[PDB]
Amino acid sequence: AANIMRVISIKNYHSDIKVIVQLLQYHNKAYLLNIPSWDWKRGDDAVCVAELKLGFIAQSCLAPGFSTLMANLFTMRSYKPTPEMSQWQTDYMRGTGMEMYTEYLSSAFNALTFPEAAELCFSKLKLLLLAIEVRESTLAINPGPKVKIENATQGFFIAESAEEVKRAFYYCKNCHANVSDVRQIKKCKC
Amino acid sequence: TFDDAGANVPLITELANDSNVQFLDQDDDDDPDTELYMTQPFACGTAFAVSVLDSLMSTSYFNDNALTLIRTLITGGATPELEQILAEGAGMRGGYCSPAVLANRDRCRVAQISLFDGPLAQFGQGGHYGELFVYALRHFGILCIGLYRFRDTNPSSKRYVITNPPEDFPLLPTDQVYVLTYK
Amino acid sequence: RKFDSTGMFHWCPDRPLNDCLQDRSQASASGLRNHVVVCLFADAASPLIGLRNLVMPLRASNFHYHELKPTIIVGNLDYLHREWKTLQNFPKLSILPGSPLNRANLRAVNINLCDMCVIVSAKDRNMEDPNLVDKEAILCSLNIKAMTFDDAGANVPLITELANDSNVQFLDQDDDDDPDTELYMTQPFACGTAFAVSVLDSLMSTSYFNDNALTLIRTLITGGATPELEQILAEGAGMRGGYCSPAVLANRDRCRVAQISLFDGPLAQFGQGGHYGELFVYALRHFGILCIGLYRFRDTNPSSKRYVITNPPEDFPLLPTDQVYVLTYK
């Protein structure tokens, strides 16, 4: 109730401000949707402690260890390998260096089916492609072969850095599909 | 001990303060200087700590739609209209719902697949992660995220999470693969 | 019909709370409307507030029985058992137990077609941050205002206690905030959606400078809480009553506040571009009815939000949309 009050104060003072609020319980989220200038499509957001805290534990019952895969993949970690680390600790850390990013796909992906786009991202670009924005907006994770990737859709990637992901925006099926070393895919040929 | 083993029981624990992780497990490269994300009980997934959630605020600011991808994966799809149906205070309404509704009973979900047996076993037998990745997606439409592997490679029932291996990374028939599936 | 000794109020023999406690099934099954809904926030331990001071003027003996506005209290059942001893004498009253916030409750009492809704907190409060003293009242108000009724939540009329004056700015959105503006100029106050207990300390000042004025407040407000009624309550027996004598019932013709619309009926020509003094002299003359002020829309063309003009000048122009505050015997 106290944290809601604030969002009411802040939204009243200047309507279009971006607000992110930490709620404790699930059902309190209902009250935010009543505030006149609250809009999550516009981009305001509420993170709920009881929703995520138990939700991670729940997925860990369906797939052991998954809680850590999630907790690292959505938080900054420092990949700083050193020779006195164990073999397992080094492989683990490189894995903790992974981050999520999003980018618009190149016109080279137009009208592929999602499995083709994923195969190209993984094999050709060295990027893991999870999900896409699709029109009317909705988010889809591992879509079935019945879908086509439409032009100028935004994709969701797991990679080392945002710079590493930019290849998915540049790649060309005519101009660069022949290239071996991926560290040159950004070019004027398209 | 259970007669006819208590260390073999899998469990997950809330930690309310991060430094307490050191107590959960004894045998360790103890190193109290190590921050949580490197400690053995965290890297195994036996621990979890609510401290992670404040880092999500930071990420959701820098990268807005990413938090929606958390909630789709985590909750099995707590939609806005489900939140509205709960907001009407009546509790969850239900019945033998229509085929037009039940068409949503084919979302994607997290699963683990073992390389010990079934149609992937040859990749477990000294293959490379990219061979498995391309094969599995191709034949099953199933998307592979990482490995859950034993520490005492030979075992102790304690493994560790490798997020997203490189293409050439070698597999063992003991490994388990995190995957996104329709099965 | 039965009345309380003094004849000033309608009356019934007592009854246990369970005689007019209701479930959502029952409350929604009785097709009630034109009612008053009271949204009451309390814990079982919170101080009494005497809902008698609200129900009592809503049951004055001037009204005929059929035009008594039915009343539902929505709130904590344990708190409602402490108050009930004071209420049990009144007709056409009932309770729906539970939170006022769950919209199941609000829909089961037909909030979409009450004649008023009242938001009140009996909880302890000022023993907190002075900005946060009335979380419940604000959150309730937005939660009502946001509903939709199919076959409109912004059209629901309601009154709210504010425990701190500066919180008035939250009750309403559309508004030139000007957080510098003092309460008596703010839009939710000028519309009559807000009310603030801070007003009462100013009454002390006035009652010193102008002694008999406070009696004119109590005659207008309470429907006539007389000294001998106060004595009958002071004897601790509760309100005594029966089929009282014609010599008592002669007091069922006091004056009361009413609103009259200029949209239709015998005044309509004044609504059609007349001047306030023409209406004033005409109405008093033919009906003995005395006109005090206007309640007028802001978006003259509408939004269901009006404002109060106390005592217009003689020549002030009327619109057929206006409503007139009046003192009457009808």
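Each value, and the rule that gives it
Residues numbered from 1 in each chain as written, not as in the entry; some residues may be left out. Chains lettered and ligands numbered in written order. Part of a larger assembly, values for the part shown. Heavy atoms only, no water. Residues with missing side-chain atoms left out of burial classes, pairs and counts. Helix = DSSP H or I, 4+ residues; strand = E, 2+ residues; numbered from the N terminus. Rg over C-alpha atoms; globule rule 2.2 N^0.38 Å. Contact = heavy atoms within 4.5 Å. Buried area = accessible area lost by both parts, 1.4 Å probe. Salt bridge = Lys/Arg side-chain N within 4 Å of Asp/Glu carboxyl O. Nonpolar A, V, L, I, M, F, W, Y, C, P; charged D, E, K, R; others polar. Core = buried A, V, L, I, M, F, W, Y, C linked by side-chain atoms within 4.5 Å. Buried < 20%, exposed > 50% of the residue type's maximum accessible area, 1.4 Å probe, protein only. Axes fitted to C-alpha atoms, helices over the stretch in contact; angles between N-to-C directions. Parallel < 35°, antiparallel > 145°, perpendicular 65-115°, else oblique. Left-handed = near helix turned anticlockwise from the far one by under 90°. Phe/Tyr/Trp six-rings, centres within 6.5 Å; stacked < 30°, edge-to-face > 60°. Pairing = 2+ DSSP bridges. Patch = residues over 30% accessible without salt bridge, like charges linked within 9 Å, V, L, I, M, F, W, Y side chains within 5 Å. Areas by Shrake-Rupley, 256 points an atom, 1.4 Å probe, with all protein chains shown as cover. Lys, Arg positive; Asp, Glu negative; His and termini not counted. Charge placed at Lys NZ, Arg CZ, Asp CG, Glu CD.

Method of determination for the deposited model, per the PDB record: cryo-EM, at 3.5 Å resolution.

K.L.:
Just give me the short version of the overall build of chain A, but keep the residues and values in it.
P.N.:
Looking only at helices and strands, chain A has eight helices and six strands in total. Its C-alpha atoms give chain A a radius of gyration of 21 Å, more than 25% over the compact-globule value 16 Å for 190 residues.

K.L.:
Report on the overall build of chain B, specifying residues and quantitative values.
P.N.:
Counting secondary structure elements, chain B contains eight helices and six strands. Helices (α) and strands (β) of chain B occur, in sequence order from the N terminus, as β-α-α-β-α-α-α-α-β-α-α-β-β-β. For 183 residues, the compact-globule formula gives about 16 Å, and the C-alpha radius of gyration of chain B, at 20 Å, lies well above that figure.

K.L.:
Please set out the interface of chain B and chain A residue by residue, giving values where relevant.
P.N.:
By convention, interface size is frequently given as the accessible area that disappears when the constituent parts associate. Counting from both sides, the interface comprises 65 residues of chain B and, opposite them, 61 residues of chain A. Here chain B packs against chain A, burying approximately 6,300 Å² in sum over the two surfaces, 71% of which is carbon and sulfur. It is B:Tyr37, B:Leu69 and B:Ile74 in chain B that bury the most area against chain A; as a group they hold 11% of the surface buried on that side. In this structure, the connection of chain B to chain A is made through three salt bridges. Residues B:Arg138 and A:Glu119 are paired through a salt bridge, measuring 2.6 Å at the closest nitrogen-oxygen approach. A per-element tally of the side of chain B that touches chain A places helix α4 (residues 66-75) of chain B first, with 10 residues. Classifying every residue of the side of chain B that touches chain A by side-chain character gives 43 nonpolar, 15 polar and seven charged.

K.L.:
Hey, could you go over the nonpolar core for me, with residue numbers and the actual values?
P.N.:
Counting residues in each nonpolar core, the largest one holds 69 residues, and the members touching the most others are B:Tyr129 and B:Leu132. With six residues, α4(B) is the largest single contributor of residues to this core. The residues touching B:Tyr129, leaving out its near neighbours within four places in the chain, are A:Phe122, B:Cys144, B:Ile145, B:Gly146, B:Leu147, B:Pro165, B:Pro166, B:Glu167, B:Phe169 and B:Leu171. Counting residues in each nonpolar core, the second largest holds 25 residues, with C:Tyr79, C:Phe90, C:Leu93 and C:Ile95 among its members.

K.L.:
Tell me about the side chain of A:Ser67, residues and numbers included.
P.N.:
Within the secondary structure, A:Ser67 sits in helix α4 (residues 66-73). Taking the relative accessible area as the measure of exposure, A:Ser67 reaches 2% and is therefore buried. Every residue in contact with A:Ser67, bar those within four places of it in the chain, is listed here: A:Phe56, A:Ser60 and B:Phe48.

K.L.:
Got a sec to walk through the packing of helix α1 (residues 2-13) of chain A against helix α5 (residues 135-145) of chain C? Specific residues and values, please.
P.N.:
When two helices pack together, their arrangement is given by the angle between the helix axes and the distance between those axes. One can describe the packing of α1(A) onto α5(C) by two numbers: an axis separation of 11 Å at closest approach and a directional angle of 60°. Between α1(A) and α5(C), the interaxial angle falls into the category oblique. Crossing handedness for the pair α1(A) and α5(C): left-handed. Taken together, the residues of α5(C) that come into contact with α1(A) (itself represented by A:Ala2, A:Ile4, A:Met5 and A:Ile8) are C:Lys135, C:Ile138 and C:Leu139. Tallied by class, residues from the contact of α1(A) with α5(C) come to six nonpolar, no polar and one charged.

K.L.:
Give a description of the interface of chain A and chain C that names residues and reports values.
P.N.:
In this assembly, 10 residues from chain A lie in contact with 14 residues from chain C. Summing both partners gives a buried area of about 1,100 Å² for chain A against chain C, and 75% of it is carried by carbon and sulfur. Among the residues chain A hides against chain C, the three largest losses belong to A:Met5, A:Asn12 and A:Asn34. Together they make up 49% of the total. Linking chain A with chain C are zero salt bridges.

K.L.:
Explain unusual backbone geometry residue by residue, including any values.
P.N.:
In this structure, A:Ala152 takes a positive phi of about 55° despite not being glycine. On the secondary structure map, A:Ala152 appears in the loop between β5 (138-141) and β6 (154-159). Within the chain, C:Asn311 stands out as a residue other than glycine whose phi angle is a positive 40°. In this fold, C:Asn311 is placed in the loop between β11 (306-310) and β12 (323-328).

K.L.:
Give a detailed account of the pattern of salt bridges, specifying residues and quantitative values.
P.N.:
Counting across every chain of the model gives 20 salt bridges over all chains. The closest approach of N and O atoms between C:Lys69 and C:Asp115, which form a salt bridge, is 2.8 Å. On the criterion of sequence distance, the pair formed by C:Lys69 in the loop between α2 (52-55) and β3 (71-75) and C:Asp115 in the loop between α4 (103-108) and β5 (116-121) is long-range, its members being 46 residues apart. Residue C:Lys69 is classed as partly exposed on the basis of its relative accessible area of 34%. Between C:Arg298 and C:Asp174 there is a salt bridge, with its nearest N and O atoms 3.6 Å apart. Placement of the pair is C:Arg298 in the loop between β10 (290-297) and β11 and C:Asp174 in the loop between α6 (168-171) and α7 (187-191), with a sequence separation of 124 residues. Look at C:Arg298 and you get partly exposed, because its relative accessible area is 40%. Members of the salt-bridge network, linked through shared partners, are A:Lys11, A:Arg42 and A:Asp44.

K.L.:
Outline the packing of aromatic side chains, supporting the account with residue identities and numerical values.
P.N.:
All chains considered together, the criterion is met by 16 aromatic pairs over all chains. Aromatic side chains A:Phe169 and A:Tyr170 sit 5.5 Å apart centroid to centroid with 45° between the ring planes, which places their arrangement in the tilted category. Taking relative accessible area as the criterion, A:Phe169 reaches 44% and is therefore assigned partly exposed. One aromatic cluster is present, formed by A:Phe66, B:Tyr148 and B:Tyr178 through successive ring pairs.

K.L.:
Would you mind going over the sheet that holds β11(C) in detail, with residue names and values included?
P.N.:
All names here are of chain C. Ordered in space as β9-β12-β10-β11, the four strands form an open sheet in which the pairing is antiparallel. The two strands at the open ends of the sheet, each matched to only one other strand, are β9 (256-261) and β11. For this sheet, the mean inter-axis angle between neighbouring strands, taken without regard to orientation, is 30°. By the bridge criterion, six bridges tie β9 to β12 in an arrangement that is antiparallel.

K.L.:
Requested: an account of a negative patch on the surface, with residues and values cited.
P.N.:
Residue and element names in this part refer to chain B. The grouping of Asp27, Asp29, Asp30, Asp31, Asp33 and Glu35 at the surface amounts to a negative patch. Tracing the backbone shows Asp27 in the loop between α1 (21-24) and α2 (40-44). A residue is classified by how much of its surface remains accessible, and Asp27, at 59% relative accessible area, is exposed.

K.L.:
Describe α5(C), and please don't skip the residues or the numbers.
P.N.:
When you tally the buried positions in α5(C), you get 10 out of 11 residues, the bulk of the element. If you check which residues of α5(C) are buried, you get C:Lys135, C:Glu136, C:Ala137, C:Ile138, C:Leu139, C:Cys140, C:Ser141, C:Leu142, C:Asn143 and C:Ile144. On its buried side, α5(C) packs onto α1 of chain A together with β2 (36-41), α4, β5, β6 (159-162) and α6 of chain C.

K.L.:
Which residues make up the environment of C:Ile138, and what are the values?
P.N.:
With respect to the secondary-structure elements, C:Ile138 resides in helix α5. By relative accessible area, which is 1% here, C:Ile138 ends up buried. Separated by 135 residues in the primary sequence, C:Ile138 and C:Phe3 place their C-alpha atoms 38 Å from one another. Setting aside chain neighbours within four positions, we find C:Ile138 in contact with A:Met5, A:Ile8, C:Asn167 and C:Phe170.

K.L.:
Quick one: what's the story with the pairing of β6(A), residue by residue and with numbers?
P.N.:
All names here are of chain A. Burial of β6 is extensive: six of the six residues sit out of reach of the surface. Across the two faces of β6 the burial is the same, with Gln154, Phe156 and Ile158 and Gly155, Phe157 and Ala159 all buried. Both strand β3 (residues 99-104) and β6 contribute to a ladder of six bridges, which runs antiparallel. Paired with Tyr104 across the strands is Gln154, a residue of β6. Direction of pairing for strand β4 (residues 128-134) relative to β6: antiparallel, over a ladder of four bridges. Paired with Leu129 across the strands is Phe157, a residue of β6.

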